[PDB]
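Colleague: no FASTA, just this:
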């Protein structure tokens, strides 16, 4: 993809999804770019995207929140969803970090028996 000449922004890490509820998930990550202390003193913003696995192809949804984390809500129960956190500084940006798959809990519930 790139020999080295170029040098676009680098994607975040530690991208993980913490299933709390049927429509609640925690998306925390890290930015090796940040200085010693974990504090975004820069004027940037993070954009986390997420979509459904069915149908395979579906409009990719994204949000806007400047932080090293993100709490997704309004999702569907027992449904496969994607998650990716990237960094953008206006003109420059980084690819989509390791797409973490988070399967929420079942809402409907089991049947009598």
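Modeller: Yes, it's here. Residues are numbered from 1 along each chain as shown.
Colleague: identify the residue nearest the most centrally placed residue in the chain in space, chain neighbours excluded?
Modeller: Nearest to the geometric centre of the chain sits residue 84, at 3.4 Å (Cα atoms, centre = their mean). Nearest residue to residue 84, sequence neighbours excluded (Cβ to Cβ, 6 or more residues apart in numbering): residue 96, at 3.9 Å. Yep, even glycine has a C-beta here, placed from its N, CA and C like the rest.
Colleague: before we move on, back to that, and the residue nearest to the centre of the chain, bridged to which residues?
Modeller: Judged by DSSP bridges, the bridge partners of residue 84 are residue 49.
Colleague: need the strands for this protein, in chain order.
Modeller: 13-21, 24-30, 45-50, 61-62, 69-73, 80-81, 84-88, 102-103 (DSSP state E).
Colleague: counting contacts, what elements does the second one pack onto?
Modeller: Under the contact criterion of 3 or more Cβ pairs under 8 Å, 6 or more residues apart in numbering; DSSP states H and E, the helices and strands touching strand 24-30 comprise strand 13-21, strand 69-73.
Colleague: dump the residue contacts of residue 60.
Modeller: 49, 50, 51 (Cβ atoms under 8 Å, 6 or more residues apart in numbering).
Colleague: counting neighbours, which of these end up buried?
Modeller: Neighbour counting by 16 or more other Cβ atoms under 10 Å classes 50, 51 among the contacts of residue 60 as buried.
Colleague: returning to that earlier point: in contact with the residue nearest to the centre of the chain, which residues?
Modeller: Counted by Cβ under 8 Å, 6+ apart, residue 84 has contacts 15, 48, 49, 50, 96, 97, 99, 100.
Colleague: how close does it sit to residue 3?
Modeller: Separation of residue 84 from residue 3 (Cβ to Cβ, to the nearest Å): 25 Å.
Colleague: likewise for residue 42?
Modeller: Going from residue 42 to residue 3 by Cβ to Cβ gives 28 Å.
Colleague: please work out which of the strands of the chain is packed deepest.
Modeller: Highest mean neighbour count among those (mean count of other Cβ atoms under 10 Å): strand 84-88, with a mean of 21.
Colleague: from the middle of its chain, how far away would it be?
Modeller: Distance of strand 84-88 from the chain centroid (Cα atoms, centre = their mean, to the nearest Å) equals 7 Å.
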